[PDB]
Structures are given as C-alpha cells and as structure tokens.
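Listed below are the residues making up each chain.
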Amino acid sequence: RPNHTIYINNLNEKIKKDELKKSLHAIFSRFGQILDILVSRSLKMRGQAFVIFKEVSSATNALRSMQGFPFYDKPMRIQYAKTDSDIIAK
RNA sequence: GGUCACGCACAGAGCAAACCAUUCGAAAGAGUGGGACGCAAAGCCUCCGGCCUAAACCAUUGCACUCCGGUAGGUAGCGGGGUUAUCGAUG
Ligand SMILES: Nc1ncnc2c1ncn2[C@@H]1O[C@@H]2COP(=O)(O)O[C@H]3[C@@H](O)[C@H](n4cnc5c(N)ncnc54)O[C@@H]3COP(=O)(O)O[C@H]2[C@H]1O
Ligand SMILES: [Mg+2]
C-alpha cells in the first residue's frame, strides 16, 4: 500500500496554483524532503494534490500525522497514491 | 483607372515590442503618455483552431504526470479566415 507519493483531496478549490504549492510545501517539510508537489486545477484534478517524498517513510509520517488536518478551512483527506509517480518510476 | 493574385523592388506615408510612468482590471491583460524590437496589413473584426487568465455563477469529493469542464475574459504583435487600404519589379 505505501508509496513515495501521497494523494490529497478535500482541498479548497478556490486556491491558486502558486499559493497551494507554497502552502503544502511549508506543511509537509516536517516529514522529509519533497522532490516536487503536483498541483493542477483541471476539471478532474481540482481540490487534490500529489506530494512526492524522498523516502516512503516520509510519506507514512505525513499521512499518519496530518489526516483530517484543517488546512484552509477544510480537514485534509490523505491517502497513499495507488500508483508510483512518473519521477519514481524512473 | 478599376479589378483577381502576389512581395525580390521603387515612391511615399504609417504602426510600435521590450522597458518605464500612469490609469482600468481579481487576473490575463487593455487605455493613455514616453519609447523603438520589429511589421506588407503589426488597419480592423473572436467566425475556425490554439495560448493565456479564471474574480463571480454553474457543475465537480475527482489517482494526475503533454495539456484539457460550462461560462466569462483576454491575445488580431500565435496561426486560419473575413473585411478595407499605399506602391507596382511581378502572374
Ligand atoms: N504590400 C506592399 N505594398 C508596397 N510595398 C510592399 C508591399 N509588400 C512588400 N513591399 C515592398 O517590399 C519590401 C520588403 O517587404 P517585406 O514584407 O519583406 O518587409 C517590409 C515589411 O515587413 C515592413 N513594413 C514596412 N512598412 C510596412 C507597413 N506599412 N505595413 C507592414 N509592414 C511594413 O518593413 C519591411 C521593409 O519595408 P519597405 O517598405 O522599406 O520595403 C518593402 C516594400 O517596399
Ligand atoms: Mg520607404
């Protein structure tokens, strides 16, 4: 089940691309190094993000401590990405 | 002269990117001034593609990695197309 990348939905959709990333970056650094934060505001990708960590444990630490963490008036829903991000698959 | 098409010229004339001041806008970006990178339509119009922005309304609780909802805007100096225009070495 666990993977380097964590899936995050129930995010506020009204947030910009620049802001959203900067805000997630500031939050999840507590758990390890983030290689890149994948945020797009396309129809299917609104209110969700992907955070890719250095080690898998970093994602686990993040996932277990931030579940339902009220971020921008909304408690986050965090789960592991079911498929490895294209950066890791390389 | 009128006209179909075209740009290797020749005669004029014109337009003005960047950057800056300044206003309008949530933004993309536009107006007005100063500026000239360049433009044969860099006059004009969003009808066809694309790109950009997304404040509001609407839809959306969605596993993406090329981007990509409806609608709203922008860009004609991204292309197509429509339209009007200076010169004729040109077909
Ligand atoms: N439709 C036309 N009517 C009359 N003459 C034409 C023409 N198309 C081309 N030419 C002639 O050929 C020259 C080169 O044209 P080009 O388009 O390659 O290169 C041109 C063009 O790209 C640009 N340019 C100049 N004036 C322009 C304008 N009024 N509108 C658009 N672009 C212009 O600067 C270049 C040099 O200008 P320049 O007049 O000295 O030189 C031009 C012009 O004399
Ligand atoms: Mg001349």
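Residues numbered from 1 in each chain as written, not as in the entry; some residues may be left out. Chains lettered and ligands numbered in written order. Heavy atoms only, no water.

The PDB entry lists chain A under the name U1 small nuclear ribonucleoprotein A, from Homo sapiens.

### Here's the deal with the protein's contact with RNA strand B
In the region of RNA strand B, 24 residues are neighbours, and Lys14, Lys16, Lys74, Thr83 and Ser85 sit closest. The sugar-phosphate backbone supplies 35% of the atoms of RNA strand B found within 4 Å of the protein. One of the backbone nitrogen or oxygen atoms of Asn10 is found 3.1 Å away from a base oxygen of RNA strand B. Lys44 places a main-chain nitrogen or oxygen 3.0 Å from a sugar or linking oxygen of RNA strand B. Among the secondary structure elements, those contributing two or more residues to the surface near RNA strand B are β1 (5-9), β3 (48-53) and β6 (77-80). (Near = heavy atom within 4 Å. Polar contact = N/O pair within 3.5 Å; in protein donor to acceptor, adjacent residues only side chain to side chain. Helix = DSSP H or I, 4+ residues; strand = E, 2+ residues; numbered from the N terminus.)

### Comments concerning the nonpolar core
Formed by 23 residues in total, the largest nonpolar core has its most connected members in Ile6, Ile8, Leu24, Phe28 and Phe53. Contributions of two or more residues to this core are made by β1, α1 (17-28), β2 (34-38), β3, α2 (56-65) and β6. The residues contacting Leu24, other than those within four sequence positions of it, are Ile8, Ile37, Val39, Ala49 and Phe71. (Core = buried A, V, L, I, M, F, W, Y, C linked by side-chain atoms within 4.5 Å. Buried < 20%, exposed > 50% of the residue type's maximum accessible area, 1.4 Å probe, protein only. Contact = heavy atoms within 4.5 Å.)

### Focus on empty space enclosed by the protein
Summed over the entire model, instances satisfying the criterion amount to one cavity of 30 Å³ or more. Estimated volume of the largest cavity: approximately 50 Å³. Residues of the lining of the largest cavity, tallied by class, amount to four nonpolar, four polar and three charged. (1 Å grid on protein atoms, 1.4 Å probe; cavity = no way out; pocket = protein on both sides within 12 Å on 5 of 7 lines; lining within 4 Å. Points joined across faces, edges and corners; volume = space filled by probe spheres on them. Nonpolar A, V, L, I, M, F, W, Y, C, P; charged D, E, K, R; others polar.)

### Focus on a nonpolar patch on the surface
Taken together, the side chains of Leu35, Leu38 and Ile87 make up a nonpolar region of the molecular surface, amounting to roughly 270 Å² of accessible area. For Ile87, the position within the fold is in the segment after β6. On the basis of relative accessible area, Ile87 is assigned to the partly exposed category, the value being 46%. (Patch = residues over 30% accessible without salt bridge, like charges linked within 9 Å, V, L, I, M, F, W, Y side chains within 5 Å. Areas by Shrake-Rupley, 256 points an atom, 1.4 Å probe, with all protein chains shown as cover. Salt bridge = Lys/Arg side-chain N within 4 Å of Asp/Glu carboxyl O.)

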